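Asks: Following this message is one structure expressed as structure tokens.
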Protein chains: 2
Amino acid sequence: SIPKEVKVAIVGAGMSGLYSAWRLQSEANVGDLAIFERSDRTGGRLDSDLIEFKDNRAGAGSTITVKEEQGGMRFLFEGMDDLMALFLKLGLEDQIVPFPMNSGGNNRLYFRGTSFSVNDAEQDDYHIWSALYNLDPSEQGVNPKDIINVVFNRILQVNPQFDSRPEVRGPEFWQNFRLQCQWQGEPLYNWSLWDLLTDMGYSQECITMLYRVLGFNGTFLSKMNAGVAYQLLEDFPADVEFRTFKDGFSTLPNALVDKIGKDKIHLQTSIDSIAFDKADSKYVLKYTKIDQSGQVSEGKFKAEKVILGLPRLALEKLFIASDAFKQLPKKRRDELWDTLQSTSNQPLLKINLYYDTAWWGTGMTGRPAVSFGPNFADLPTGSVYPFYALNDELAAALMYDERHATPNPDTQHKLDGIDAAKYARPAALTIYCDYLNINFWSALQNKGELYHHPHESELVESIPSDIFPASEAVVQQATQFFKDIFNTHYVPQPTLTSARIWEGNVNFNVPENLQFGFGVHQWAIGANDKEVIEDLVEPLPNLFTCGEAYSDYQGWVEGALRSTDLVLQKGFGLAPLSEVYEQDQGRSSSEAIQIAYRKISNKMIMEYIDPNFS
Amino acid sequence: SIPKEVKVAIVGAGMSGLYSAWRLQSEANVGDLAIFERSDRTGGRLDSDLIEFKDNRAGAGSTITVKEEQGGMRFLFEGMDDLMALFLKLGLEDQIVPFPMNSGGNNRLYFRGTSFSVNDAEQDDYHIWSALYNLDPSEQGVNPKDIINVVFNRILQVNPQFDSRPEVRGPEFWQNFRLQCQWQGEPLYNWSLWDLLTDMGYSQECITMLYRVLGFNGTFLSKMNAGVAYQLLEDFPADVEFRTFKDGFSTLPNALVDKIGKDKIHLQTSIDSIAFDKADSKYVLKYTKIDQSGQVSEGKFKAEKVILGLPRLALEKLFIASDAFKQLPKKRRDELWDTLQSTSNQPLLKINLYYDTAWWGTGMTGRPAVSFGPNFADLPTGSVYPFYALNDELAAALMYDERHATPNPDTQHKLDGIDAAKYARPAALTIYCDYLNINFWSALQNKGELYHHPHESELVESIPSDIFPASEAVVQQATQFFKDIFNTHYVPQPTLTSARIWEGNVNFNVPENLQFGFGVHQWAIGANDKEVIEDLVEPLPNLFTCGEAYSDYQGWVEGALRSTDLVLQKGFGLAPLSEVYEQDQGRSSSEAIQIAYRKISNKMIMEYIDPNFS
Ligand SMILES: Cc1cc2nc3c(=O)[nH]c(=O)nc-3n(C[C@H](O)[C@H](O)[C@H](O)COP(=O)(O)OP(=O)(O)OC[C@H]3O[C@@H](n4cnc5c(N)ncnc54)[C@H](O)[C@@H]3O)c2cc1C
Ligand SMILES: Cc1cc2nc3c(=O)[nH]c(=O)nc-3n(C[C@H](O)[C@H](O)[C@H](O)COP(=O)(O)OP(=O)(O)OC[C@H]3O[C@@H](n4cnc5c(N)ncnc54)[C@H](O)[C@@H]3O)c2cc1C
Ligand SMILES: N[C@@H](Cc1c[nH]c2ccccc12)C(=O)O
Ligand SMILES: N[C@@H](Cc1c[nH]c2ccccc12)C(=O)O
């Protein structure tokens with residue numbers, strides 16, 4: 001049942017769509033809204049998986065849960081005040097769990113046919129990098145990642161007009177940085193990073209090292225401008241304490257869905273086009289719906305206000321097919337289209353391979369054990385992240401670890417046993433790559449038969465619906481690369497796999513369960529994103545756009561939430577959530593979230609690690 | 001003056017547009033046609049330049065001509081029977097001139113921070129490649145280009161069903177090869193080359209070597225399928241005798257324009273959209289024209305038949321905006337759009353830097369002199385081609401050279417003097433790159449002020465209109481790379497520059513003199529190009545498409561001519577030009593063109609080189 005008129009119609013059940021409805025329902029008393037989502041699931045580019053593997057250990061119908069991510073995975077307590085506030089208001093802070101990013105130096109590196117570890121790379125004044133890359137002398141004997149840091153310091157040094165001092169560096173800093181800082185008279189958003197480093201005098205060998213060693217070469221090789229690329233590159237300092245949700249980032253959209261109500265969300269309902277009814281001053285939304293049989297249905301309805309929570313490629317399709325846009329004057333319709341072109345589409349992929357046990361610990365490799373964080377490579381792999389079966393004791397050990405406490409031998413010995421025990425429980429690896437590496441996996445994933453371990457139903461009885469298997473060719477090649485990266489002869493066959501390629505499609509011959517938007521977005525060269533962002537709040541009267549694609553904080557949910565807030569302000573009077581939080585609570589969401597988390601971490605550690613802890 | 005009705009309306013004054021009109025006028029007696037071309041020039045992706053530099057030598061108002069290319073540059077006597085026939089029928093064979101591809105081993109190579117020569121690369125069982133790349137043992141001690149050749153032989157070996165024997169290997173061979181040959185059960189057009197080599201067991205180091213060393217990494221990293229990539233990679237054997245026109249490839253479109261008549265060609269006239277008139281069974285073409293003042297004008301006219309000689313991106317724009325397409329049923333309109341998606345857009349660029357004299361000869365470098373052919377590099381340069389001032393004696397020396405004659409000391413000594421004298425006359429370098437390297441130059445060319453040598457009008461009085469200067473940033477970086485590639489401290493400032501980036505635009509904020517289509521196209525993965533090609537001849541009744549993008553021979557003018565021929569056959573009864581030639585002349589265009597050229601080469605050599613020649 002689809003209503004025939006609504007106060008607010010919400011296109012997109014991703015984060016910005018779900019977030020608009022919750023805030024309008026609860027803070028603006030608007031109850032006659034509806035969300036329309038083309039796919040058969042809510043959450044968009046957030047998509048966690050919970051697999052319940054048959055516990056087939058020796059002394060075991062017992063079940064073991066592994067959380068994995070097909071989309072978004074991590075967040076931070078600083079710089080995401082809207083997201084923190086959103087977590088606190090939904091009471092989801094008790095589920096917050098560490099997301100660690102290193103293995104004390106044992107994370108892997110594979111570059112130019114050579115497998116080694118992070119600790120290895122540091123030896124002898126970072127010698128290995130000088131042996132693999134034909135570096136200029138000024139480029140030798142330093143950690144590659146510190147070259148990005150130094151160049152940032154140099155950009156800040158020659159831009160004293162730009163304040164450069166707020167200890168917490170949020171989206172305003174990064175907007176001003178890319179819009180106000182210059183290099184040699186040209187502001188950074190007119191620069192490509194590749195051009196920038198080159199003009200700074202770096203070798204092409206050095207630039208290739210950097211974009212391979214950071215794992216996400218889009219920052220250098222795509223059309224994104226240099227300013228926004230730095231925002232992304234300085235999002236992962238050495239000392240990052242990322243966090244995540246125990247049951248996966250989907251916890252947050254599902255939690256919003258409980259509060260919205262399944263009855264106002266209309267899945268498998270694509271909004272095909274939008275027209276304006278001059279008579280009763282209403283929008284008219286043509287749609288296409290698939291029921292629970294597969295029986296299609298074209299229909300139409302009205303709405304006083306429209307909210308498009310949609311990324312760039314979705315927004316161009318509607319614009320193309322919508323009379324509300326086509327009947328605009330030549331000048332502004334062309335200007336609006338050109339404005340959609342101002343953020344670059346960034347392809348991303350994640351392929352998850354699950355295993356009954358993990359094979360990258362010292363017991364299986366004979367080498368120092370790999371635990372957590374990106375294993376980078378110049379192979380099509382890009383980066384590889386390990387994921388372990390959910391375990392309360394392990395999360396407390398991780399929680400102890402993000403305190404830089406000095407354990408006594410008793411506690412070091414218990415942390416030892418915990419670090420090792422996880423390799424005996426099921427686990428997973430995510431291959432996570434961007435720009436240059438996409439086409440390698442693309443062609444591989446679409447060729448040949450799909451991968452299924454035999455007696456698969458014996459290994460998992462309930463395979464989630466958002467899981468499309470990796471192709472046999474994808475598993476085959478991914479397995480050779482793992483042997484390379486982890487320097488081991490032994491990489492067994494996965495029990496279960498999923499492949500997800502966030503790269504937007506314009507082909508009508510693709511099932512809906514395989515249509516996915518561009519993984520992330522970043523501002524192109526020449527883009528004045530301050531003008532672009534404000535133009536796209538309400539481009540036609542009572543028609544709004546918002547979401548991550550044209551946001552202040554591209555790449556992150558906070559981008560979507562801050563973009564939506566502009567719509568909720570301009571169209572509905574609502575102040576930014578973080579500001580609403582602070583008036584209501586008397587402290588920031590930052591301080592609240594840190595205090596709440598320290599408490600449950602304090603309790604977790606004492607309960608599991610060191611009964612006599614600080 | 002634009003007619004209000006025509007028998008045939010031709011959209012696009014590129015090669016396929018101009019070729020349709022000439023053949024319809026002359027062979028089908030159709031005189032009431034008109035060509036409509038959005039830009040202010042004919043010829044499309046053919047675009048030669050003739051610069052007339054002030055001869056400021058010591059013993060000189062004398063003029064020196066340099067030919068250069070912003071688009072297409074070379075062709076072959078075998079495998080391009082339509083093009084040869086077209087040359088013979090227009091009497092352009094007397095202007096055919098060698099296009100040499102090597103310097104006897106002195107062409108440059110720059111890979112991983114190391115500058116060296118082709119002769120150097122051969123030393124010690126191709127050792128240099130093993131020192132620069134971490135190759136598998138089976139990948140060591142062989143010439144990189146011979147790895148592509150061997151893999152081709154292997155593909156042919158395991159496909160004995162595929163005949164694999166015609167000595168002249170034309171578009172049919174390459175269509176059957178990519179459509180009928182398989183690797184491990186999957187046919188090559190379902191494969192990416194990158195996936196293919198990997199599955200064959202090659203290292204990523206080796207694959208990176210290959211795609212850097214061949215200069216056009218699109219074959220490996222883009223979405224083009226493996227079969228069509230091989231067609232391109234085996235277009236440049238070691239023994240290639242390419243040829244070109246003395247005054248540039250534009251000779252051919254200009255020669256067609258003389259025969260069509262400027263009066264039937266309507267420049268600065270974009271066809272915006274197309275509708276069907278059910279009443280008088282006519283198409284209705286909305287257009288936009290700019291007169292000689294800049295005064296725009298929107299109009300409309302009719303035509304009984306429409307011929308779209310347009311590449312993919314142009315074809316999608318019309319399809320989007322045209323009622324003749326939108327009023328098609330849901331199924332076929334979506335099927336037709338999906339069919340447009342089946343050829344991949346391949347960006348290309350050419351930046352030409354002209355110099356008063358050439359600086360890469362031994363007199364200026366102290367190293368073995370560079371003459372002709374690609375200087376490849378893993379720098380954003382890609383490939384660099386030298387171009388010299390037009391000189392009849394030099395072309396005869398080149399003509400002698402494509403005979404593998406053994407000159408006597410008298411003739412070797414005269415060839416010596418000729419080889420060296422060209423460095424004293426003006427010359428040019430073309431940077432010619434694809435896929436991965438485009439974005440480097442893109443962002444550079446659009447940033448900052450444009451390059452002009454001071455007292456430029458003193459150096460060239462008549463700067464052609466199709467020449468947009470290289471940006472100052474482009475010249476600056478291109479000059480550093482030249483010092484790298486040519487291993488010299490000394491690369492002076494260019495007298496004149498041009499930049500051309502064949503990468504299709506969808507932004508309305510770009511002048512017409514800067515809108516250019518995708519440089520070339522190649523079949524994507526999954527594309528059954530036999531079905532696609534025949535579907536796009538006449539997709540609606542009396543509406544035809546043709547050109548290179550969805551052709552049998554992508555990359556080359558012959559592709560455009562063979563694609564058009566299908567339209568001229570199905571819509572107008574005309575047999576393929578090469579077949580028309582043969583009936584009329586009693587021999588192929590291949591044999592005619594070889595015999596005609598041998599004669600004028602025979603005469604050229606005797607006149608300039610060795611009076612007593614074979
Ligand atoms: C691989 C990957 C990893 C990431 N990791 C992180 C991370 O660690 N941390 C972080 O903060 N962020 C991360 N992100 C980013 C985060 O996922 C996004 O910023 C955010 O979830 C996107 O929200 P959105 O509402 O802007 O868009 P979307 O999530 O893309 O929502 C758009 C929705 O609209 C629907 N839709 C489209 N067209 C129509 C139509 N015509 N009618 C109806 N519905 C339509 C789509 O199906 C989709 O559900 C990651 C993204 C990717 C791809
Ligand atoms: C860098 C480069 C080098 C090349 N080198 C070679 C080579 O050495 N040898 C070789 O054989 N080939 C070469 N080619 C390929 C060759 O240039 C092309 O195959 C051929 O010239 C293209 O002809 P076409 O008619 O298919 O398309 P185009 O040349 O692209 O013609 C399309 C024309 O239609 C016009 N147009 C577009 N939309 C509209 C509209 N709406 N209304 C009116 N007019 C419109 C465009 O302005 C253009 O003039 C090269 C190409 C490039 C880019
Ligand atoms: N938050 C993202 C990082 C990211 C944002 N935008 C991107 C663009 C390209 C590559 C990575 C990113 C992640 O967890 O991975
Ligand atoms: N004929 C083209 C070669 C070519 C055709 N298609 C291509 C695609 C990519 C790179 C090169 C090509 C040339 O002279 O350069």
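Chain labels run A, B, ... following the order of the structure tokens; each chain numbers its residues from 1, and ligands are numbered from 1 in the order shown.
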Any residue with an atom at most 6 Å from ligand 4 counts, using only C-alpha atoms and all ligand atoms. Which are they? Put them as an mmCIF file with C-alpha atoms, in the first residue's frame.
Replies:
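Result file follows (result_3.cif):
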```
data_model
loop_
_atom_site.group_PDB
_atom_site.id
_atom_site.type_symbol
_atom_site.label_atom_id
_atom_site.label_comp_id
_atom_site.auth_asym_id
_atom_site.auth_seq_id
_atom_site.Cartn_x
_atom_site.Cartn_y
_atom_site.Cartn_z
ATOM 1 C CA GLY B 72 45.316 10.472 -36.244
ATOM 2 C CA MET B 73 48.734 10.122 -37.870
ATOM 3 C CA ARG B 74 49.486 6.782 -39.589
ATOM 4 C CA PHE B 216 49.201 2.543 -23.899
ATOM 5 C CA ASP B 434 46.121 7.160 -22.826
ATOM 6 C CA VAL B 520 39.101 6.103 -29.588
ATOM 7 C CA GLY B 555 41.212 2.903 -33.424
ATOM 8 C CA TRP B 556 41.623 3.530 -37.132
#
```
Asks: As a ChimeraX atom specification, please: the residues near residue 465 of chain A (cut-off 12 Å, only C-alpha atoms, same-chain neighbours under 4 positions excluded).
Replies: /A:39-41,47-51,469,498,513-514
Asks: Using only C-alpha atoms and all ligand atoms, find each protein or nucleic acid residue lying at most 7 Å from ligand 1; present the set as a ChimeraX atom specification.
Replies: /A:11-17,36-39,42-46,70-75,269-272,309-311,314,318,348-350,502,517-520,546-549,554-560
Asks: Using only C-alpha atoms, determine which residues of chain A fall within 7 Å of chain B; present them as a list in words.
Replies: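 Those within range of chain B come out as residues 112, 113, 134, 190, 191, 192, 194, 195, 204, 205, 221, 222, 223, 334, 338, 379, 439, 440, 443, 444, 447, 507 and 508 of chain A.
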Asks: Quick one: write out the picked residues with C-alpha atoms as a short mmCIF file (atom, residue, chain, number, x, y, z; two decimals), in the first residue's frame?
Replies:
```cif
data_model
loop_
_atom_site.label_atom_id
_atom_site.label_comp_id
_atom_site.auth_asym_id
_atom_site.auth_seq_id
_atom_site.Cartn_x
_atom_site.Cartn_y
_atom_site.Cartn_z
CA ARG A 112 57.18 -4.87 -6.22
CA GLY A 113 57.22 -8.63 -5.70
CA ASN A 134 64.33 4.50 -7.37
CA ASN A 190 42.39 23.81 -8.52
CA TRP A 191 45.21 21.28 -8.03
CA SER A 192 45.47 17.58 -8.52
CA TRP A 194 49.61 14.09 -8.54
CA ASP A 195 50.34 17.48 -10.15
CA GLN A 204 57.41 9.59 -10.17
CA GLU A 205 58.93 6.60 -8.33
CA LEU A 221 45.06 9.19 -10.00
CA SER A 222 41.39 10.25 -10.12
CA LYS A 223 39.94 13.68 -10.89
CA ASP A 334 22.30 23.50 -17.61
CA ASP A 338 27.00 21.23 -14.36
CA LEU A 379 48.72 -5.95 -5.93
CA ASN A 439 38.65 -3.23 -13.08
CA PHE A 440 40.84 -6.18 -12.10
CA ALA A 443 35.97 -8.52 -14.97
CA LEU A 444 36.97 -11.41 -12.70
CA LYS A 447 33.26 -14.26 -15.47
CA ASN A 507 22.79 -0.80 -17.78
CA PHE A 508 19.19 -2.01 -17.72
#
```
Asks: With only C-alpha atoms as the atoms that count, which of B:456, B:402, B:124, B:538 lies nearest to residue 308 of chain B?
Replies: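 For residue 308 of chain B, the nearest of the given residues is B:538.
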Asks: Among the residues of segment 331-534 of chain B, find those DSSP assigns to alpha helix (DSSP H) from the backbone and print them as a compact mmCIF listing (two decimals) with N, CA and C atoms, in the first residue's frame.
Replies:
```txt
# COMPACT_ATOMS: atom_id res chain seq x y z
N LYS B 331 10.97 -1.75 -23.66
CA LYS B 331 11.94 -2.83 -23.85
C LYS B 331 13.04 -2.41 -24.82
N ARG B 332 12.66 -1.95 -26.02
CA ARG B 332 13.67 -1.73 -27.04
C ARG B 332 14.47 -0.46 -26.78
N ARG B 333 13.86 0.55 -26.16
CA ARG B 333 14.59 1.76 -25.81
C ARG B 333 15.67 1.45 -24.77
N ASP B 334 15.34 0.63 -23.78
CA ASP B 334 16.34 0.17 -22.82
C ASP B 334 17.36 -0.75 -23.48
N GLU B 335 16.92 -1.60 -24.41
CA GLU B 335 17.86 -2.48 -25.09
C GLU B 335 18.83 -1.68 -25.95
N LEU B 336 18.34 -0.63 -26.60
CA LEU B 336 19.20 0.20 -27.44
C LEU B 336 20.21 0.97 -26.60
N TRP B 337 19.79 1.52 -25.47
CA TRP B 337 20.72 2.19 -24.57
C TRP B 337 21.81 1.24 -24.09
N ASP B 338 21.41 0.06 -23.62
CA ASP B 338 22.37 -0.95 -23.19
C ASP B 338 23.35 -1.30 -24.31
N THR B 339 22.88 -1.27 -25.56
CA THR B 339 23.75 -1.56 -26.69
C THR B 339 24.79 -0.46 -26.91
N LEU B 340 24.41 0.80 -26.70
CA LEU B 340 25.39 1.88 -26.72
C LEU B 340 26.48 1.69 -25.66
N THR B 362 72.67 14.05 -31.69
CA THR B 362 73.94 13.88 -30.98
C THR B 362 74.67 15.20 -30.79
N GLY B 363 74.52 16.13 -31.72
CA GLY B 363 75.14 17.44 -31.55
C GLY B 363 74.69 18.15 -30.29
N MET B 364 73.45 17.93 -29.87
CA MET B 364 72.93 18.59 -28.67
C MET B 364 72.98 17.72 -27.41
N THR B 365 72.90 16.40 -27.55
CA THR B 365 72.92 15.49 -26.41
C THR B 365 74.29 14.91 -26.12
N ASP B 392 61.83 17.42 -48.82
CA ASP B 392 61.72 16.36 -49.82
C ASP B 392 62.92 15.41 -49.75
N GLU B 393 64.12 15.94 -49.54
CA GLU B 393 65.29 15.08 -49.46
C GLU B 393 65.17 14.11 -48.29
N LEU B 394 64.68 14.58 -47.15
CA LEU B 394 64.57 13.71 -45.99
C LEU B 394 63.57 12.59 -46.24
N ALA B 395 62.47 12.89 -46.93
CA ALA B 395 61.48 11.85 -47.17
C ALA B 395 62.01 10.79 -48.13
N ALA B 396 62.86 11.17 -49.08
CA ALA B 396 63.47 10.18 -49.96
C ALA B 396 64.46 9.31 -49.19
N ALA B 397 65.25 9.93 -48.30
CA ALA B 397 66.13 9.14 -47.44
C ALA B 397 65.34 8.14 -46.61
N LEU B 398 64.18 8.55 -46.08
CA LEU B 398 63.31 7.61 -45.37
C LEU B 398 62.80 6.55 -46.32
N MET B 399 62.55 6.93 -47.56
CA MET B 399 62.00 5.96 -48.51
C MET B 399 63.04 4.92 -48.86
N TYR B 400 64.28 5.36 -49.07
CA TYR B 400 65.38 4.42 -49.20
C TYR B 400 65.41 3.48 -48.01
N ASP B 401 65.18 4.02 -46.81
CA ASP B 401 65.38 3.22 -45.60
C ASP B 401 64.36 2.10 -45.47
N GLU B 402 63.12 2.30 -45.94
CA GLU B 402 62.19 1.19 -45.81
C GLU B 402 62.44 0.09 -46.82
N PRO B 409 79.44 2.95 -49.30
CA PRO B 409 79.90 4.08 -48.47
C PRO B 409 79.47 5.44 -48.98
N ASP B 410 79.45 5.63 -50.30
CA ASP B 410 79.00 6.89 -50.86
C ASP B 410 77.56 7.19 -50.46
N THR B 411 76.70 6.18 -50.51
CA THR B 411 75.29 6.39 -50.18
C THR B 411 75.08 6.43 -48.67
N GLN B 412 75.79 5.58 -47.93
CA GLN B 412 75.76 5.67 -46.47
C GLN B 412 76.21 7.04 -45.99
N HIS B 413 77.20 7.63 -46.66
CA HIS B 413 77.69 8.94 -46.23
C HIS B 413 76.69 10.05 -46.54
N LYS B 414 75.95 9.93 -47.65
CA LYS B 414 74.92 10.92 -47.96
C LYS B 414 73.73 10.77 -47.03
N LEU B 415 73.33 9.52 -46.75
CA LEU B 415 72.28 9.27 -45.77
C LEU B 415 72.68 9.80 -44.40
N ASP B 416 73.97 9.68 -44.05
CA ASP B 416 74.47 10.28 -42.82
C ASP B 416 74.13 11.76 -42.78
N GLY B 417 74.59 12.50 -43.79
CA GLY B 417 74.40 13.94 -43.79
C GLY B 417 72.94 14.33 -43.73
N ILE B 418 72.10 13.57 -44.42
CA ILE B 418 70.67 13.83 -44.38
C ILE B 418 70.10 13.55 -42.98
N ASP B 419 70.53 12.46 -42.34
CA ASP B 419 70.01 12.12 -41.01
C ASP B 419 70.31 13.23 -40.01
N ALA B 420 71.47 13.86 -40.16
CA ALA B 420 71.93 14.86 -39.20
C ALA B 420 71.38 16.24 -39.50
N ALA B 421 71.25 16.58 -40.78
CA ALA B 421 70.80 17.92 -41.17
C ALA B 421 69.42 18.24 -40.63
N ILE B 438 46.02 10.24 -18.44
CA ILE B 438 45.26 11.41 -18.86
C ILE B 438 45.14 12.42 -17.73
N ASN B 439 44.67 11.98 -16.55
CA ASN B 439 44.38 12.90 -15.46
C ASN B 439 45.58 13.73 -15.05
N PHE B 440 46.80 13.21 -15.24
CA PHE B 440 47.96 14.02 -14.90
C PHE B 440 47.97 15.31 -15.70
N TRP B 441 47.72 15.23 -17.02
CA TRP B 441 47.86 16.38 -17.90
C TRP B 441 46.62 17.27 -17.88
N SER B 442 45.44 16.65 -17.83
CA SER B 442 44.14 17.28 -17.62
C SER B 442 44.19 18.40 -16.60
N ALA B 443 44.41 18.03 -15.34
CA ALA B 443 44.46 19.01 -14.26
C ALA B 443 45.55 20.05 -14.49
N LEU B 444 46.65 19.64 -15.12
CA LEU B 444 47.76 20.54 -15.38
C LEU B 444 47.41 21.54 -16.47
N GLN B 445 46.74 21.07 -17.52
CA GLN B 445 46.43 21.93 -18.66
C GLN B 445 45.36 22.95 -18.32
N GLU B 456 56.19 35.83 -30.19
CA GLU B 456 55.65 34.65 -30.85
C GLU B 456 55.27 34.95 -32.29
N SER B 457 54.66 36.11 -32.54
CA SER B 457 54.27 36.47 -33.90
C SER B 457 55.49 36.62 -34.81
N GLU B 458 56.65 36.97 -34.24
CA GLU B 458 57.90 36.93 -34.98
C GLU B 458 58.29 35.51 -35.38
N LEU B 459 57.85 34.51 -34.62
CA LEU B 459 58.20 33.13 -34.88
C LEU B 459 57.17 32.41 -35.74
N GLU B 472 51.02 26.84 -19.09
CA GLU B 472 52.39 27.01 -18.61
C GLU B 472 52.80 25.83 -17.75
N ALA B 473 51.88 25.30 -16.95
CA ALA B 473 52.23 24.16 -16.11
C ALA B 473 52.54 22.93 -16.95
N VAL B 474 51.88 22.78 -18.10
CA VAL B 474 52.10 21.61 -18.95
C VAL B 474 53.48 21.65 -19.58
N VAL B 475 53.90 22.81 -20.05
CA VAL B 475 55.21 22.94 -20.67
C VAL B 475 56.30 22.72 -19.63
N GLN B 476 56.11 23.30 -18.44
CA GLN B 476 57.09 23.19 -17.36
C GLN B 476 57.36 21.73 -17.02
N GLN B 477 56.30 20.96 -16.76
CA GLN B 477 56.50 19.56 -16.38
C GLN B 477 56.96 18.72 -17.57
N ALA B 478 56.35 18.91 -18.74
CA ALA B 478 56.79 18.19 -19.93
C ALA B 478 58.28 18.38 -20.20
N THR B 479 58.82 19.55 -19.88
CA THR B 479 60.25 19.82 -20.10
C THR B 479 61.13 19.05 -19.12
N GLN B 480 60.70 18.91 -17.86
CA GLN B 480 61.48 18.09 -16.92
C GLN B 480 61.52 16.63 -17.37
N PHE B 481 60.37 16.09 -17.79
CA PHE B 481 60.29 14.71 -18.26
C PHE B 481 61.17 14.47 -19.49
N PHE B 482 61.23 15.44 -20.41
CA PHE B 482 62.11 15.30 -21.58
C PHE B 482 63.57 15.16 -21.15
N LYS B 483 64.03 16.02 -20.23
CA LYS B 483 65.39 15.87 -19.71
C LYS B 483 65.60 14.47 -19.16
N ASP B 484 64.64 13.98 -18.37
CA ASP B 484 64.67 12.59 -17.93
C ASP B 484 64.81 11.64 -19.12
N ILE B 485 63.82 11.65 -20.02
CA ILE B 485 63.76 10.64 -21.09
C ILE B 485 65.01 10.71 -21.96
N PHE B 486 65.40 11.91 -22.38
CA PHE B 486 66.49 12.05 -23.33
C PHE B 486 67.84 12.18 -22.65
N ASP B 529 30.18 -8.19 -30.26
CA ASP B 529 30.17 -7.06 -31.17
C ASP B 529 29.62 -7.42 -32.54
N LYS B 530 29.47 -8.71 -32.86
CA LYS B 530 28.78 -9.06 -34.10
C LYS B 530 27.29 -8.70 -34.02
N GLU B 531 26.64 -8.99 -32.89
CA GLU B 531 25.25 -8.57 -32.74
C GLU B 531 25.15 -7.06 -32.60
N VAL B 532 26.07 -6.44 -31.85
CA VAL B 532 26.00 -5.01 -31.61
C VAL B 532 26.17 -4.24 -32.92
N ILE B 533 27.14 -4.64 -33.73
CA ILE B 533 27.45 -3.91 -34.95
C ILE B 533 26.24 -3.91 -35.90
N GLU B 534 25.59 -5.08 -36.05
CA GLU B 534 24.47 -5.17 -36.98
C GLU B 534 23.22 -4.50 -36.43
```
